[PDB]
Amino acid sequence: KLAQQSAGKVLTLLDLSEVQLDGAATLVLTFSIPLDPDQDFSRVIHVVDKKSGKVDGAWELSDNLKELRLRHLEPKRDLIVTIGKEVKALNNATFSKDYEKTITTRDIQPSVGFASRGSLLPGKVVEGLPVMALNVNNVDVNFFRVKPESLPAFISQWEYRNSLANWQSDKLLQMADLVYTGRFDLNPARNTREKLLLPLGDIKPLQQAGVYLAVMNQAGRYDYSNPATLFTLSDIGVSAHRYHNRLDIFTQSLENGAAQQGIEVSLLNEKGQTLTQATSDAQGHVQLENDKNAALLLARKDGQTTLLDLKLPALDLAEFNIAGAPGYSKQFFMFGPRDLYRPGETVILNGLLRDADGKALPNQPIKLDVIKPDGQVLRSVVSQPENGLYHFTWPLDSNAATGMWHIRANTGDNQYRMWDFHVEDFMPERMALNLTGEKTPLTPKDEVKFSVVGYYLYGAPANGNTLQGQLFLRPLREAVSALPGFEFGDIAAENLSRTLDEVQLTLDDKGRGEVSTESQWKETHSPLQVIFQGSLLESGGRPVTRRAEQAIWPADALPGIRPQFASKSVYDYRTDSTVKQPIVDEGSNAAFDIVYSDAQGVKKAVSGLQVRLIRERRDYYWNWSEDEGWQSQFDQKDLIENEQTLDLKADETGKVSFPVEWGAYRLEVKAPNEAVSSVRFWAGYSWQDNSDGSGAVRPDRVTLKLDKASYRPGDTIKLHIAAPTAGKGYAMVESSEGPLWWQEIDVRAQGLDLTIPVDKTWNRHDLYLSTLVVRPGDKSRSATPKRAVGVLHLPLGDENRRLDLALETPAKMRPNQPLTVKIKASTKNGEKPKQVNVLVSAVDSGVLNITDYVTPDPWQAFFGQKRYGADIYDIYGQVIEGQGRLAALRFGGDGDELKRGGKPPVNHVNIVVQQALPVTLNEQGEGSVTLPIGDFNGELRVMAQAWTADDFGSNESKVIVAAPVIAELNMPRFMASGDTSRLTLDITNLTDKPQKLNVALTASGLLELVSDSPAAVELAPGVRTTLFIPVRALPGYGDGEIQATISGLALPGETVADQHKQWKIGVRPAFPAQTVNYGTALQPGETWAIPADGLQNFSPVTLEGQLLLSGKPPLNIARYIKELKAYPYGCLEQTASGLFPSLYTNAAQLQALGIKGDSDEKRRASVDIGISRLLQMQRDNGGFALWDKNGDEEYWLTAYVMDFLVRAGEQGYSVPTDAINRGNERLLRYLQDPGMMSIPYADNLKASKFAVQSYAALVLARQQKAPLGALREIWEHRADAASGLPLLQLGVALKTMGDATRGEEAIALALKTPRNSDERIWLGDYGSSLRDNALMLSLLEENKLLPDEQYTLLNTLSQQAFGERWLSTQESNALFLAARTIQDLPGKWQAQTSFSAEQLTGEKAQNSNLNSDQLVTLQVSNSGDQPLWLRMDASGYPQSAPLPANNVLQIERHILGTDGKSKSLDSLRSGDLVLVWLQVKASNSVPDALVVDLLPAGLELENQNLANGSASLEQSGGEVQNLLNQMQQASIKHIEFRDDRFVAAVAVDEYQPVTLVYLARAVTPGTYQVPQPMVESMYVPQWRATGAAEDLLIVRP
């Protein structure tokens, strides 16, 4: 037998060692060859203990006969093993001599303990209590019964403490009580572990229901692995599950699991009150309509009782696939072009409401709300369905916070439909980078290589710059662009996709670098590519990412396969993303196109091609694990099905047709040069994904199976129950509104196949099969779970409902050309696409890739799987854990670092996106859509949704776009007037042939070329060049632009127009605009004339003026309008004050003043976006803040914004109710609780609180929401007022509420209490005597109060208003309302102006515009018989810098080096870093100070806040560090880093001068004017300063 194989082999004792065979220690002798069984081993192999003598026990040969054994060794005993010479092997081999081994047995101490630390699953006393034992004759045990009142705590304490074996403690024992104790005798086999079972049936207390805790006494030398254990023991039980407002109890006897009738079930709450009660039916079911606050169930029958804690968590179902949408009711589809966005971008959204079955429903409004990341609403709108398609479209504010924005929707079911969409800004690049590869594909033997070239845009090499990147290897299935749809390479090939190495290198002085890697695929039979995702890091660490593919062809020509059959968009939950994959009907032939094309795309002749049709197969099998648990493993196997020998000819496309059975398939073809190419395709709709258990059996429970992948109401289901063990229970199709099937008893043995007839009325996708069974085993042999549950989704959505959309777009297209998209809806058998609607759109792939955005699928949106509608609960043993469902991963979240870096200084990035209006397909289902693509270079993803009534569809297709030639100008973001700049026009030739370009440069607007346009420009392929374009900015504010028209190109076989690019940039004058404001009343015969010296400074090109004339004193509303409009900064008060003129003016009224402006629709839209801008500033408490939502509340400004919002609501503009409500609550808080307010900068707190209370009283009184008692209490403290304005507002507030007497007293007192003239006294009301007189004037005229005083107040206000040189936005607004009050005041007048021959005349005030020529010689005489008031407001930009000056405020600027030494502005090199040092002082406190420092052009701001200490370098100290420390002490209210200026709101202290610091970098070479540093109080304009500055700044290359 075995002796033959062992023949000729010498016998040898290979080993002698103790091993733990079974539970026993065992001596083992391992011989080299098998032994003879017949021999008496006791005669030949002695074993003698040194003390106790010869050891008992016969030897036991191994089945392999090479291992002798001796069980039940004594612990820690010395042993002498004498092996005899005469021992015989099966081949009659024998030892040459006797051997004497010695061995000391391991010191194995006796052990005893419970088999487990415990479990919550109920058992029976007959089952006994398991106990592992080893060499232990006894074990004392102390039983305990936990107090039910302490039960919830004890078990909780049992949960986190059970990790260690000795979890028992006195604190735990005190919550329990002793019931029995005593020693249990044991007789395990000697030196052998055994699972003994402690009897429990003679213990009387154990007969009673309850949880129990056994605790072994640890006396003696015995080891104790598990001293304590827990076990529940109870009788009657209940099982149930709820569906929102409904629940279905199932009572049953625990002895058999059979359903019991007549049990009474009460619904107790947390208070224990009985909300309801019901008796079980014959099937034991007890339906009840309980919603939330369900707590306890109380079953009772024949004295038996059982409670169920509903408050306990529902049984975990993570192992089950219960995931899905929660829209069981009406389904509002919400979809858009992209989930990613930028601040200032126009978010777009589309909606499609449908029923649960996806059927059409009558049109209804839907309330959309735009939530912010803080959770506060931004805006709310009542969306409407035009032609059955909802379409939101709103513009994000530039200042809007970055984060996870979402737009909730309300269909009226009060279940909001969240729609998350990313909103993040991006920093502009500042370094060019290039990663050139090879055009011709590499051989597999060839080393991969890439050339890197990076350089600064301002004109320097990236010397020493870090370059970090990654190298990826990917299959090149689409190696031939000339033959789209064809696939190349073996799909069956393994390791075609893996990371190579992490590139990281330093560029040389030239900035050049190389990236090379050795080939690791020399034996490849398939095309491959090595992507190089490099990144050129800045000194600040910001990287310029770039990619560079490199084709790798195994041979000069390769086989290529195409699938003619359409790829239907099968859904997959594995990626939560519908995607089209190739497929074909079972039993049908599969066509395929075959080619032998090269890289050029021309087809080469070939013969002997090996076209095989491999048939893929898979076999699932479950597998338990420790670190992984149970898993759904599967084995794959390939089997050849058929073979063919194709012989392609030159310029020919072969067409094979292989018949197909079912399941996964793979068609391969092998070229003679060992090239291989293959394409997988599935014969069934039941597509399988990786790590997806399409058909496998999980341990225990019920692995339900369906005979069909999908079902219809006319279809009959046949579920296959397969419980591990026999047990009664139930099965049913549960739904969100409740179960379909009710009772359904089941008694599985080793599997059962019940038939399920689906009803026709089931128009829902939320249906879910469910099963339960329980084993009544008297003795729990091999453990085995008692309860078992099986949930499975039931498919129902028909395939026919899907539309076969078929987009047709070119694979490639030129930039600035209109892409065409052909639509073709269809369906099998039907082929009747009636009135189909399609919504074509296109988005850049580089935007969608950041979030891996999926094309929306309406079919999945409606017919897709819904989430489980029930919540399981039962007293049976708790589910293990299930470890949770498997989860996908990418690379985590993004967009956090930019927040750390601060807000970007207005990026110029171009986000390509398009969405054409929805179109109706014709009778053939054919359609077309033309999208006008702009100047863009990259892949462009096209997407298209389609819909009718119940039919739905979706499709997508890539469209590459590439320009023949690249042309990128590099210019400063802005240019000051008179500045010169050296532009650099980059030009790249990516074409394979040289070009002779002709660049006709041109300029327009406030810009002018210095040099003549360049002549011919030769350009070799792959070569970039840089034209130099000197330029100069024309004087005055406005826009400038540079056009370029490259000509030539000369592309064979393709006519094309010459390139046309344009570059527009702003032109802001280096100095602030100056104004003159004359005004006087003329007696008849008198003549006024403008002083000659008043216009000497203004440049004629920028100068402009206005001349008002009236028979009564006037106000120049046009000036207030122009000033409110001209203000740039976005703080709240300035925003509202700038919003009022838009609110009360109209295009006719505006044109009448001679002012030019936007159309009324655009104006109202500006009012809307402005209201959103105001809502952006709102605090969470409903208050408002001056600069940011996180800032301190501004009460008076809160009432101000409340006033503008209310009056805007009076104008019909929409505002959210929640904001007005919270703000009214804030004003009411201002009225009822004055003392909570905090106004630290106020000198007179009582006057401030009185002003806030009064203005809030007015804003509330206008809404009729102000209580009379609060107004009276405020009236009691009338003395507190420091101005008459609050008294007047309080008087209107009193008179409005019917307290006419106190209100009349207040209005009377208000005109008799002038505001203090001392500007130093800060009230915090943002007011002045001018603003107060104007606002009081408007308040008087609006309520028709005291007409006699209105005239004197008007004459005074008119006398004081015109003469001011500077005005706060608040004063400009109050003067605007005051002028609006008097715009139609009668007053005849005549005049004889110098600019007109005809006499002027008017029944009312008139404002004629004037040019500078009219202004220089202006002269107005009063030809009338009555006095003639006149005003003259001119403005313009000075030709030269005004002399530096100061009033209260003081400021000075000091340019510095990075090392902190002084640095002259002249002879500044390009790319130089500089540290600007602003310094501010004041003779008085200036809480509302604003520091403005306009940048000279050629200097560009670094977007870093030095106050936070962030900087390009921290290594420097001394001169720089103390400055940063001083900036740290500054009370900065706000800061900004605009392209043209540095801004910093601050609260200057008289004894603590401010020290502002900021980085800047020279970029573009040229001469530049240098703006003077400026600082000014925002509401006390007279307090202001402008310091000295150098005349020029000469940047150099």
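Residues numbered from 1 in each chain as written, not as in the entry; some residues may be left out. Heavy atoms only, no water. Residues with missing side-chain atoms left out of burial classes, pairs and counts.

Regarding how it was determined, this PDB entry cites cryo-EM in its header, along with a resolution of 16.00 Å.

Caption draft 1: Representation of the packing of helix 9 (residues 1132-1144) against helix 11 (residues 1160-1176). It is the contact of helix 9 with helix 11, at a shortest axis distance of 10 Å, that shows an interaxial angle of 160°. Relative to helix 11, the element helix 9 lies roughly antiparallel. Helix 9 and helix 11 meet at a crossing whose hand is left-handed. Contacts between helix 9 and helix 11 involve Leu1132, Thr1135, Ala1136, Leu1139, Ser1142 and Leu1143 from the former and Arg1163, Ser1166, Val1167, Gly1170, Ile1171, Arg1173 and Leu1174 from the latter. Tallied by class, residues from the contact of helix 9 with helix 11 come to seven nonpolar, four polar and two charged. (Axes fitted to C-alpha atoms, helices over the stretch in contact; angles between N-to-C directions. Helix = DSSP H or I, 4+ residues; strand = E, 2+ residues; numbered from the N terminus. Parallel < 35°, antiparallel > 145°, perpendicular 65-115°, else oblique. Left-handed = near helix turned anticlockwise from the far one by under 90°. Contact = heavy atoms within 4.5 Å. Nonpolar A, V, L, I, M, F, W, Y, C, P; charged D, E, K, R; others polar.)

Caption draft 2: Structural context of the packing of aromatic side chains. The tally for this structure, following the rule as stated, stands at 43 aromatic pairs. Their ring planes at 75° and their centres at 5.2 Å tell us that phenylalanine 332 and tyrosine 390 sit as a pair that is edge-to-face. Remark: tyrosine 390 occurs in strand 28 (residues 390-395) and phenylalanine 332 occurs in strand 23 (residues 331-335); sequence separation between them is 58 residues. Among the residues examined, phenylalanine 332 registers a relative accessible area of 9% and is labelled buried. Plain terms: the ring middles of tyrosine 1127 and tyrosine 1129 are 5.7 Å apart, the flat faces sit at 70° to each other, and that makes the pair edge-to-face. On the basis of relative accessibility, which here comes to 27%, the residue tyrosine 1127 falls in the partly exposed class. A residue is classified by how much of its surface remains accessible, and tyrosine 1129, at 9% relative accessible area, is buried. Above the plane of the ring of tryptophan 1275 lies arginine 1278, whose end atom (NZ or CZ) is 4.1 Å from the centre. Between the NZ or CZ atom of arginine 1584 and the centre of the ring of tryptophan 1366, over which it lies, the distance is 4.8 Å. (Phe/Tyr/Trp six-rings, centres within 6.5 Å; stacked < 30°, edge-to-face > 60°. Buried < 20%, exposed > 50% of the residue type's maximum accessible area, 1.4 Å probe, protein only. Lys NZ or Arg CZ within 6 Å of the ring centre and 35° of its normal.)

Caption draft 3: Summary view of a nonpolar patch on the surface. Where nonpolar side chains cluster on the molecular surface, the patch consists of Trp622, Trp624 and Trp630 and spans about 410 Å² of accessible area. Its location among the elements puts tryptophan 622 in strand 43 (residues 609-623). Relative accessible area serves as the criterion here: at 47%, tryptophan 622 is assigned to the partly exposed category. (Patch = residues over 30% accessible without salt bridge, like charges linked within 9 Å, V, L, I, M, F, W, Y side chains within 5 Å. Areas by Shrake-Rupley, 256 points an atom, 1.4 Å probe, with all protein chains shown as cover. Salt bridge = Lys/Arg side-chain N within 4 Å of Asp/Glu carboxyl O.)

Caption draft 4: Seen up close, the UniProt feature "coiled-coil region" in the protein. Per the UniProt record, "coiled-coil region" is found at residues 1503-1533. Along residues 1503-1533 one finds 29% helix and 6% strand; the C-alpha atoms at either end are 18 Å apart. (UniProt positions renumbered as here; feature names shortened; annotations may be inferred.)

Caption draft 5: Focus on the sheet that holds strand 42 (residues 589-595). Strand order in this open sheet of four strands is 35-41-42-45, and the pairing throughout is antiparallel. Only two strands of the sheet have a single partner each, and these edge strands are strand 35 (487-488) and strand 45 (654-659). (Pairing = 2+ DSSP bridges.)

Caption draft 6: Region of interest: helix 13 (residues 1217-1232). Taking 1.5 Å of rise per residue, 16 residues should cover 22 Å, and helix 13 covers 22 Å from first to last C-alpha, within 8% of that figure. Among the residues of helix 13, those classed as buried are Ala1219, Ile1220, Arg1222, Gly1223, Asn1224, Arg1226, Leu1227, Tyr1230 and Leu1231. Tucked inside the fold, the buried residues of helix 13 contact helix 11, helix 12 (1195-1210), helix 14 (1245-1262) and helix 15 (1268-1276). (Expected span 1.5 Å × (residues − 1).)

Caption draft 7: Quick look at the pattern of salt bridges. For the structure shown, the criterion picks out 70 salt bridges. Across the salt bridge formed by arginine 615 and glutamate 641, the nearest N and O atoms sit 3.7 Å from each other. With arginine 615 in strand 43 and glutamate 641 in strand 44 (residues 631-646), this pair connects stretches of sequence that are 26 residues apart. Judged by its relative accessible area of 14%, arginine 615 is buried. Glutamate 641 gets classed as partly exposed once you look at its relative accessible area, which sits at 31%. We note a salt bridge from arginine 666 to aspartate 638, for which the minimum N-O separation is 2.9 Å. Of this pair, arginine 666 sits in strand 46 (residues 664-670) while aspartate 638 is found in strand 44, placing the two residues 28 residues apart along the sequence.

Caption draft 8: Layout of the environment of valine 840. Of note, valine 840 is situated in strand 55 (residues 837-844). Under the relative-accessibility criterion, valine 840 is labelled buried at 1%. A sequence separation of 554 residues divides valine 840 from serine 1394, and the C-alpha atoms of the two residues are 63 Å apart. Not counting residues within four places of it along the chain, the set of residues in contact with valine 840 comprises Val821, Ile823, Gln915, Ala916, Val929, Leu931, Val942, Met943 and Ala944.

Caption draft 9: Inspection of the environment of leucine 1428 at higher detail. If you trace the backbone, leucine 1428 turns up in strand 80 (residues 1428-1436). Classification of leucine 1428 as buried rests on a relative accessible area of 0%. Between the alpha carbons of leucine 1428 and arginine 1365 there is a distance of 23 Å; along the sequence they are 63 residues apart. The residues contacting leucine 1428, other than those within four sequence positions of it, are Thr1080, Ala1081, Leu1082, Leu1109, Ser1110, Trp1389, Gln1390, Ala1391 and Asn1422.

Caption draft 10: Spotlight on the sheet that holds strand 14 (residues 223-224). With mixed pairing, the four strands of this open sheet are ordered in space as 12-9-8-14. The sheet is open, and its two edges are formed by strand 12 (194-198) and strand 14, each paired on a single side. Strand direction decides the pairing type here: strand 8 (residues 111-114) and strand 9 (residues 129-134), joined by four bridges, are antiparallel. Within strand 9, the residue paired with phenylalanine 114 across the bridge is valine 131.

Caption draft 11: Highlighting the environment of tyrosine 868. Following the sequence through the fold, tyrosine 868 ends up in the loop between helix 6 (858-863) and strand 56 (871-874). Here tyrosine 868 falls in the buried class, since its relative accessible area comes to 10%. When the C-alpha atoms of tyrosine 868 and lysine 359 are compared, they prove to be 22 Å apart, with 509 residues separating the residues in sequence. With sequence-adjacent residues up to four places away left out, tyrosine 868 is seen in contact with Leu317, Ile322, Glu734, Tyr768 and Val791. Side chain to side chain, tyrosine 868 and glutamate 734 meet in a polar contact 2.2 Å long. (Polar contact = N/O pair within 3.5 Å; in protein donor to acceptor, adjacent residues only side chain to side chain.)

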